[PDB]
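This is what each chain is made of:
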Amino acid sequence: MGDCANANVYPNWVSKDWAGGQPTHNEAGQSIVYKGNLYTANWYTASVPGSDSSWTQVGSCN
């Protein structure tokens, strides 16, 4: 049903810039899921995982 199941489903970003801040984006090496497919940010981005920007597909949850 969910994009992964219960992982970091976009826009459940990994960070704000720092850990404690409510998120704002995914940084270099930080992964996320977007409709089955798993992606990782190349540098810094908050677009749509897979829509170029700074994304790179690492796999798929489901």
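Residues numbered from 1 in each chain as written, not as in the entry; some residues may be left out. Heavy atoms only, no water.

Structure determination for this PDB entry is given in the record as solution NMR.

Chemist: Would you take a moment to explain the overall build of the chain for this structure?
Modeler: The helix and strand tally for the chain stands at 0 helices and 5 strands. The N-to-C order of helical and strand elements in the chain reads β-β-β-β-β. Taken against the 2.2 N^0.38 rule, which gives 11 Å for 62 residues, the C-alpha radius of gyration of the chain at 11 Å falls within 12% of a compact globule. With respect to the principal axes defined by its C-alpha atoms, the chain has extents near 30 × 25 × 15 Å. Counting over 62 residues, the chain shows a buried share of 27%. Contacts in the chain between residues far apart in sequence, at least 24 positions, make up 26% of those at least 6 positions apart. As presented, the chain carries roughly 3800 Å² of accessible surface, and 52% of it is formed by carbon and sulfur atoms. (Helix = DSSP H or I, 4+ residues; strand = E, 2+ residues; numbered from the N terminus. Rg over C-alpha atoms; globule rule 2.2 N^0.38 Å. Buried < 20%, exposed > 50% of the residue type's maximum accessible area, 1.4 Å probe, protein only. Contact = heavy atoms within 4.5 Å. Areas by Shrake-Rupley, 256 points an atom, 1.4 Å probe, with all protein chains shown as cover.)

Chemist: Could you clarify how one ought to interpret the side chain of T40 in this entry?
Modeler: Within the secondary structure, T40 sits in strand 3 (residues 37–41). In this structure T40 comes out as buried when scored by relative accessible area, which is 13%. A polar side-chain atom of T40 sits 2.8 Å from a polar atom in the side chain of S31. (Polar contact = N/O pair within 3.5 Å; in protein donor to acceptor, adjacent residues only side chain to side chain.)

Chemist: Would you explain the nonpolar core in this entry?
Modeler: One broad trend across soluble globular proteins is that nonpolar side chains are buried collectively. Among the nonpolar cores identified, the biggest contains 5 residues, and these are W13, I32, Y39, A41 and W55. Ignoring any residue separated from it by four or fewer positions in sequence, one finds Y39 in contact with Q30, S31, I32, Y34, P49, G50, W55, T56, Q57 and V58. (Core = buried A, V, L, I, M, F, W, Y, C linked by side-chain atoms within 4.5 Å.)

Chemist: Even after reading the chapter, I still don't get the sheet that holds strand 2 (residues 31–34), so can you show me in this structure?
Modeler: Either a parallel or an antiparallel arrangement is found when strands of a sheet pair, and the pairing is made through backbone hydrogen bonds. With antiparallel pairing, the 3 strands of this open sheet are ordered in space as 2-3-5. Since the sheet does not close on itself, it has two edges, and those belong to strand 2 and strand 5 (55–60), each with one partner. On average, each strand axis in the sheet is inclined to that of its neighbour by 35°, with strand direction left out of account. In the sheet, strand 3 pairs with strand 5 via 5 bridges, with the strands oriented antiparallel. Pairing of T40 across the sheet is with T56, part of strand 5. (Pairing = 2+ DSSP bridges. Axes fitted to C-alpha atoms, helices over the stretch in contact; angles between N-to-C directions.)

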